[PDB]
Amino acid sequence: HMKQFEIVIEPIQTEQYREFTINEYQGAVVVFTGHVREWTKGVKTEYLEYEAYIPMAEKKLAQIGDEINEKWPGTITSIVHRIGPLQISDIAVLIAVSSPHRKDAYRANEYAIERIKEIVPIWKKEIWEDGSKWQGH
């Protein structure tokens, strides 16, 4: 069951978020995916564990949608973040923004990812060979 703003545990299925945002007035869709990287530290990252306070996280993703609507009217936004264990190159987050014209779709999308990092109650833990650490910010 897909919602406009949601937290999922299964791998993100990307096409449905673009499809949600599309209609006959929209000429541009920008879809950002954030992926788990390897080699950000000296010790290899085995995988990440994400957690969320899901109902508050979904309410804060919708808030960002509402902020976007206020700043770039005409856009449509859909956002998902995945939780649980994520492997290297798994999509952790996806943001889809549609717009009649491209510039607002790019701007709104980049705004969204910034806000997610600021306000949404989601946390990552990095796991490596004989260790793990919750990340902050």
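Numbering starts at 1 and follows the sequence shown.
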Checklist entry - In terms of the CA temperature factor given in the entry, to which third of its chain does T77 belong: lowest, middle or highest? => result middle
Checklist entry - In terms of the chain's CA B-factor thirds, is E15 lowest, middle or highest? => result highest
Next on the checklist: Ranking every modelled residue in this chain by its Cα temperature factor as given in the entry, which third contains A105?
Outcome noted: lowest
Checklist outcome for this item: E38: CA temperature factor from the record, placed by chain third, in the highest
Item to check | Within-chain third of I22 by Cα B-factor, per the entry | outcome: highest
